[PDB]
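Those protein sequences? They're chains A and B, same order as listed.
According to the UniProt record's numbering, the residues represented by the first sequence are 2 to 116, in order.
According to the UniProt record's numbering, the residues represented by the second sequence are 2 to 115, in order.
Ideal placement from N, C-alpha and C gives every residue a C-beta, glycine not left out.
Here is the structure we will look at, set down as structure tokens.
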Amino acid sequence: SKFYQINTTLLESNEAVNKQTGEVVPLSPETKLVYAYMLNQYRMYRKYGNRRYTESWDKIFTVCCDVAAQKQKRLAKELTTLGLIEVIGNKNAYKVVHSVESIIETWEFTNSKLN
Amino acid sequence: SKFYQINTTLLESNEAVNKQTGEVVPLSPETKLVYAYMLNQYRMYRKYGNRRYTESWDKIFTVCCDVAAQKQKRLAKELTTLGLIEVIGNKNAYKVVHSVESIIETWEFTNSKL
Numbered sequence: 002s003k004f005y006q007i008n009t010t011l012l013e014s015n016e017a018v019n020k021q022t023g024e025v026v027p028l029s030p031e032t033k034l035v036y037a038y039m040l041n042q043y044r045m046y047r048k049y050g051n052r053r054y055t056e057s058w059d060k061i062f063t064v065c066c067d068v069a070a071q072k073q074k075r076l077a078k079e080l081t082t083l084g085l086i087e088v089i090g091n092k093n094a095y096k097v098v099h100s101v102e103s104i105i106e107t108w109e110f111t112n113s114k115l116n
Numbered sequence: 002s003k004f005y006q007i008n009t010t011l012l013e014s015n016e017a018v019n020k021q022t023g024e025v026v027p028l029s030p031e032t033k034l035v036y037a038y039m040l041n042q043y044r045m046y047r048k049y050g051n052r053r054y055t056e057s058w059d060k061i062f063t064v065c066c067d068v069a070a071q072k073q074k075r076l077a078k079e080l081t082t083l084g085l086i087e088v089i090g091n092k093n094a095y096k097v098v099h100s101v102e103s104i105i106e107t108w109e110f111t112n113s114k115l
């Protein structure tokens, strides 16, 4: 395939608000592209031998962005805070990409700049 | 639509280099998102019977990012320089969205890091 898919809600939103706590998580532009890439990769790992997704954050950010290490950590933390990416394990760690659909009971995506 | 599409080359590249002039256009993340959005919007305008895609740059930038006026001007310039967007008129200006494939004879996409 010659295209990645960018989730409609994510593209059109600049933040997510926790429905239980009110916490506000800004959504950065890089995060949206990183999510699109990881979703595709997760699906490719599944298709090609049904492997769990273990691509390193470093490799992921090298493909999608050109940012400082400190920034990369912030962007990765947006993803994990929202639950779009779930890191499971420590010794045999892997990454699970979750749909936006699956976290809406917890996170309400909005665009505070639209009147 | 449930999702917007972004060309593989665009997502995986951090710069475009003009094959004839050497000019380099770094590909900001916002640029990629704005392009994906505008490509779909252009398609929807045409699907609903319109010849022209007339959404304003201000509305476009409001939906896709949260950046200051000067940055929006520069991001729009990244797009017009590449020829991915062609702008016609002053106020109420319509925008023609071209494919990445239509510009590769002029611009080479790369990821120096990758």
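In chain order, what residues of the same chain have a beta carbon less than 8 angstroms from the beta carbon of residue 108 of chain B, not counting five sequence neighbours either side?
Here residue 108 of chain B is taken as the residue at index 107 of the second sequence, counted from 1. If we look at residue 108 of chain B and ignore the five residues flanking it on each side, its Cβ neighbours are 17, 18, 19, 20, 26, 83, 84.
Compare the Cα-Cα distances from residue 41 of chain B to each of A:8, A:22, A:29 and report the closest residue.
Taking the second sequence and counting its residues from 1, the one referred to as residue 41 of chain B is at position 40. Comparing Cα positions, the closest option is A:8.
Could you give the C-beta distance for residue 15 of chain B and residue 114 of chain B, rounded to a whole number, given that I count them as a contact under 8 angstroms?
Translated into the one-based positions of the second sequence, residue 15 of chain B becomes position 14. Translated into the one-based positions of the second sequence, residue 114 of chain B becomes position 113. With a Cβ gap of about 7 angstroms, residue 15 of chain B and residue 114 of chain B count as contacting.
Short of 7 angstroms in beta carbon distance, which residues of its chain neighbour residue 50 of chain B, apart from the five on each side in sequence? Order them along the chain.
Your numbering for residue 50 of chain B matches position 49 in the second sequence. Excluding sequence neighbours, residue 50 of chain B sits near nothing in its chain.
Which listed residue (B:71, B:98, B:34) has its alpha carbon closest to that of residue 55 of chain B
Here residue 55 of chain B corresponds to residue number 54 of the second sequence, with the count starting at 1. The shortest Cα separation from residue 55 of chain B among B:71, B:98, B:34 belongs to B:98.
State yes or no: is the beta carbon of residue 89 of chain B nearer than 8 angstroms to at least one beta carbon in chain A?
Within the second sequence, numbered from 1, the residue matching residue 89 of chain B stands at position 88. No, its Cβ sits nowhere closer than 8 angstroms to a Cβ of chain A.
In chain A, which residues lie with their C-beta within 7 angstroms of the C-beta of residue 67 of chain B?
Stepping through the second sequence from its first residue, residue 67 of chain B is reached at position 66. By Cβ distance, chain A contributes 15, 114.
Mark residue 88 of chain B as exposed unless 16 or more other C-beta atoms lie within 10 angstroms of its C-beta, in which case mark it buried.
Sequence index remark: in the second sequence, residue 88 of chain B carries index 87 (1-based). The residue in question, residue 88 of chain B, is exposed, as its Cβ has fewer than 16 Cβ neighbours within 10 Å.
Got a sec, what are the start and stop residues for the beta strand (DSSP E) residue 77 of chain A sits in?
As a working mapping, residue 77 of chain A is identified with position 76 in the first sequence. Run containing residue 77 of chain A: none in the beta strand (DSSP E); it sits in the alpha helix (DSSP H), 70-83.
Which residues in the same chain as residue 61 of chain B place their Cβ atom closer than 7 angstroms to its Cβ, once the five residues preceding and following it in sequence are excluded?
Counting from one through the second sequence, the residue named residue 61 of chain B turns up at place 60. Hits under 7 angstroms: 35, 38, 39.
Residue-level contact to chain A via CB, residue 103 of chain B, 8 angstroms cutoff:
To locate residue 103 of chain B, count along the second sequence from 1; it is residue 102. Chain A contact via Cβ: absent.
If contacts are defined as beta-carbon pairs under 8 angstroms, then residue 76 of chain B and residue 31 of chain B qualify, I think. What distance do you get, rounded to the angstrom?
As a position in the second sequence, residue 76 of chain B is number 75, starting the count at 1. As a position in the second sequence, residue 31 of chain B is number 30, starting the count at 1. Contact holds; Cβ gap of about 5 angstroms.
Between the CA atoms of residue 91 of chain B and residue 117 of chain A - distance to the nearest angstrom
Residue 117 of chain A lies beyond the range of chain A shown here (2 to 116); nothing can be said about it.
Can you tell me where the beta strand (DSSP E) with residue 89 of chain B in it begins and where it stops?
To locate residue 89 of chain B, count along the second sequence from 1; it is residue 88. Taken as a continuous stretch (DSSP letters only), the beta strand (DSSP E) holding residue 89 of chain B covers 86-89.
Distance CB(residue 64 of chain B)-CB(residue 116 of chain A) smaller than 8 angstroms:
What you label residue 64 of chain B is simply residue 63 of the second sequence in a count that begins at 1. What you label residue 116 of chain A is simply residue 115 of the first sequence in a count that begins at 1. Cβ atoms of residue 64 of chain B and residue 116 of chain A: not closer than 8 angstroms.
Check whether chain B comes within 8 angstroms of residue 74 of chain A, counting only Cβ atoms and requiring the distance to be less than that.
The sequence position of residue 74 of chain A within the first sequence is 73, counting from 1. Answer no: the Cβ-Cβ gap between residue 74 of chain A and chain B never drops below 8 angstroms.
When the distance is taken between beta carbons, is residue 105 of chain A closer than 8 angstroms to residue 96 of chain A?
Position 95 of the first sequence holds residue 96 of chain A. Position 104 of the first sequence holds residue 105 of chain A. For residue 96 of chain A and residue 105 of chain A, no; Cβs fall outside 8 angstroms.
Classify residue 48 of chain B as helix, strand or coil using the three-state DSSP reduction.
Counting from 1 along the second sequence, the entry for residue 48 of chain B is found at position 47. The answer is helix: DSSP assigns residue 48 of chain B an H, G or I state.
Below 8 angstroms CB to CB, which residues in the same chain sit around residue 68 of chain B once its five sequence neighbours on both sides are set aside?
The residue you call residue 68 of chain B lines up with position 67 of the second sequence. Hits under 8 angstroms: 31, 62, 76.
Note the first and the last residue of the continuous beta strand (DSSP E) segment covering residue 1 of chain B.
Nothing in the structure corresponds to residue 1 of chain B, since chain B is present only between 2 and 115.
Looking at the structure shown, is residue 17 of chain B part of a helix, part of a strand, or coil, going by DSSP?
Here residue 17 of chain B refers to the residue found at position 16 of the second sequence. Of the three classes helix, strand and coil, the one that applies to residue 17 of chain B here is strand, per DSSP.
What is the DSSP secondary structure of residue 102 of chain B, reduced to helix, strand or coil?
Here residue 102 of chain B refers to the residue found at position 101 of the second sequence. Residue 102 of chain B: helix per DSSP, three-state reduction.
Identify the continuous alpha helix (DSSP H) that holds residue 63 of chain B and give its terminal residues.
As a first step, residue 63 of chain B is located in the second sequence; it is residue number 62 there, counting from the start. Taken as a continuous stretch (DSSP letters only), the alpha helix (DSSP H) holding residue 63 of chain B covers 58-65.
Quick one: what does DSSP say residue 24 of chain B is sitting in, helix, strand or coil?
To locate residue 24 of chain B, count along the second sequence from 1; it is residue 23. Of the three classes helix, strand and coil, the one that applies to residue 24 of chain B here is coil, per DSSP.
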